[PDB]
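Structure 1 and structure 2 below are two forms of the same protein chain, each written out on its own as structure tokens.
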Structure 1
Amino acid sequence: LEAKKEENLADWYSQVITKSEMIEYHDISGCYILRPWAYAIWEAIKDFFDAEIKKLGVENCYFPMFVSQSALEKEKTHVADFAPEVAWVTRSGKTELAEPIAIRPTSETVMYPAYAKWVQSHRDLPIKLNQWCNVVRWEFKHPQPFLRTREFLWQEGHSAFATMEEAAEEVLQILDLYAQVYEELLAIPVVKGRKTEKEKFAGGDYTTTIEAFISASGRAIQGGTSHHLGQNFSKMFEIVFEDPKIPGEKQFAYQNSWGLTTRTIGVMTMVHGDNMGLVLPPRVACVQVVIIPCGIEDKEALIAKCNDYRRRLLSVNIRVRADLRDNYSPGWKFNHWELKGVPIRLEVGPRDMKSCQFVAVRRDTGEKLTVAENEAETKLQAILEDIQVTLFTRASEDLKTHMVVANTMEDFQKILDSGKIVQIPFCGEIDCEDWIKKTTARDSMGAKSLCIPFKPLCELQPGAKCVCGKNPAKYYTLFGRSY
């Protein structure tokens, strides 16, 4: 690893993801290979989120990836803000197809015709379906592994309800699960808020989101989305149910949709990584503890003690690997598993082995702890938990010191250009948000809105005006440069 994070973040990020064996590059621009080390992190996210939504009654399924040309021309609002982001398949080999079919940028147009057929009575509600699949979102920006990719893995849940009350409560419930994925699994603090009318999901009623901050570049990034679609989609696809008491009365269902992608892994890398490579939170680390024989007569004695620790950690269900390979130097193994971000390195040397003790090296801080043999299960469990909270507390210390309030325009400008995100009084108008992005690049890149936070840092002053100095302010809005 040659590049430094605080200097050239782009070169550092490329070396960290590749030398840790997370990502390989593909011949198709914007497409990246998810190697096992990174795929296991997605599986840890998948295992947590799947078990949580099944408590809410959500069931897993799989819908086709192709969208017909007629189905996309259904909702006029959903097709406009998505057509340039859709790749079309027009031929099979040397034979043109009947009609050009589209690769899914999202599965609203695929599932909701089926929802209309499944929903006829009030007993058929609520429908709660989820799928883990890939999605092709063609775009024109600069692709980045995990962060901005033309193909990415995600889950997308789509729920239909008989009332808007229950639909509104699922939006926040799923958004809170997304917050737990970032805060409790990846040790990343997020800000929960609402998207502005300019950046909300097209055709939906409102979009909620979680925003994470990357202090290495001073830019924020959207971590997830939970949309309330209202009856907009159910009216165009005719998702209607019969009234359970009023004979013959039919009502359009209230729908939601929510997604979480593999950019979680990229935000984990950007926030926690250092100049020695990746840093994995123990909650999602494929290997939490790596056992390395040091000082490698009684050679079989040292190897069997490594196997004793390996099985003792498996009994308390700690993900452990014993690198017993004789082809590489111990110092080589030290650097190999540090680049890969293993939270704890367990070193067993001949002297320590005969003393019934070992050395545990913390990946986050580099601290070396000498631990006795009998305390291996309890101590290593305590260090792993201490690593998880340390990563979260240090990440939140960056968020608290890089998100502040500004009530005028150029103080919002002055704080922004120092690598921060700012909450400002905003009128919420779309034409005003265009001027903000143009002025932020005028007086780099132009700052766009991130979210209208639920719990802002400060409450709005009575009668406070927007930063544009032309319309009254509706709410504090978190602005800043974004990926």
Structure 2
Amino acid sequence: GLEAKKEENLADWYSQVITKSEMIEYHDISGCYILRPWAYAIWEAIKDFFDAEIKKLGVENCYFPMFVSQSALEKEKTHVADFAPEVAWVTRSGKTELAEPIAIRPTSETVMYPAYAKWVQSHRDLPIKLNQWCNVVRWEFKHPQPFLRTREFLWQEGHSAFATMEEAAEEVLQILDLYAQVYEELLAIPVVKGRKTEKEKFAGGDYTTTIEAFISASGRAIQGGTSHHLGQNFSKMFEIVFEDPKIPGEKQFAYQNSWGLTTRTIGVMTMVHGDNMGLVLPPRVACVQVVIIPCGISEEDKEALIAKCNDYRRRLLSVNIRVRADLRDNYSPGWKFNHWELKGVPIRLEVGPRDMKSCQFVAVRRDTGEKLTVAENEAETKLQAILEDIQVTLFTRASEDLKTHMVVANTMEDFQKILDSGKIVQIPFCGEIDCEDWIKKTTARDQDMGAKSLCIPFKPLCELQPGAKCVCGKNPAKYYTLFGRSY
């Protein structure tokens, strides 16, 4: 069984859960982890959804090189200098030094935007809407954590270029809403949509929109996905331009966006829904939604029981429920109950001889442990209903927790008190970078780490009163901003 308790040592519980659910295997290189099928399948579910949705918006998939030349990486002001010591450099092939070192992509702006500049020769060439599913590398020496913060990770990065600001601004919010759908509708995780402050936005962009999630077990928030409006900053840098004949003597620089989402998704799912029995899969992304286990197991009664289990399997498959029949003779029914509970399968379907003879079975929900006796004839109906109820239940519980842990404060003193209780706080804020630094410094100083901004919510809990001051007291508030201790 799982013996680590989530409320006692969270980091050990997390390591136990991700390994005993067979999601993660550790590699011999720090910050690099093997995604076993149980975790990879969740990424595949997210991919299926998001891929279909961006195709509806006109985005097409592609694959750009993993390697960036020294010249291309350092040619334009695409990234702040603090990232320099975290680029992984290939310097030799076999035993002999390369003429010029080449970098592993940490993101693909510097490989994609020179090609965009080649491809945009007139108005007709826009828009360009490309996505790629790929791995990136950011070689930090801070402590890594499986799924949440790693050196190599899988993601998707979309990059779009448009003739007008309005088309681009529309896409930014559409993509952000798809990310919120990934978290809320697939993973049953509530998120807060907002704009990053000036300090936390992508430096080279116009503005950054974000979704923020809350991990109550650690009292910390974490960014779930991001959608940037780059404006014309990168088009001016890379000369992504066209000319209108109706406007002679003027360049038209493309308006650009970029957006990304990673396997961090899975880690947040694990941290939010996981419990002291192990992983808990939302039915929308569970590789296996129902596991059928023969229990209470004569020598032809046994064959009848096995055939009944396969009857349920085929009926469920027939109604698009993802189902596995664990018919292993080697393992005890208790062993199987435990194995699939650790893996978070939403429903265990128990079939024993007595129930078979009485044309019934037992369904056990993973989230609550509730057991239900179901008539055989209702199998497809009831189980679908139960799966839907599990999904809602998970979201509802997580939403309640966010509601208790995200609150309004209008003074530094109240903010400090609430923050130190392990919650995130919406405060009136002047938006200035220096003030944000001061908030981090003084909440660190006065705690009894510093708070960072998470986002400026699009829909704050309260509306800023006229003349309301920032918590710094010195400048008027520009907006309610969500702050907390962060991942």
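Here, rigid core means the biggest group of C-alpha atoms that superpose within 1.5 Å across both forms. Residue numbering: structure 1 sequence, from 1. Only residues modelled in both forms are compared.
Asker: Looking between the two structures after fitting on the rigid core, I'd like to know which of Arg325, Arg311, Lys117, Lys250 has a C-alpha displacement of 2 Å or more.
Answerer: Of all the options, the C-alpha that shifts by at least 2 Å belongs to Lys250.
Asker: Please state the CA displacement of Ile221 between the two structures in angstrom, with both forms fitted on the core.
Answerer: The alpha-carbon displacement, core-superposed, is 0.3 Å.
Asker: For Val79, what C-alpha shift in Å is seen between the two structures once the core is overlaid?
Answerer: Reported C-alpha shift between the two structures: 4.8 Å at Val79.
Asker: Would you mind giving the Cα movement of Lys438 between the two structures in Å, after fitting on the rigid core?
Answerer: For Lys438, the alpha-carbon shift amounts to 1.1 Å.
Asker: Send over the list of consecutive residue runs, 3+ long, where the C-alpha shift is 2 angstroms or more at every position between the two structures on a core fit.
Answerer: Core-superposed, the runs shifting 2 Å or more come out as 74-77, 79-82, 244-250.
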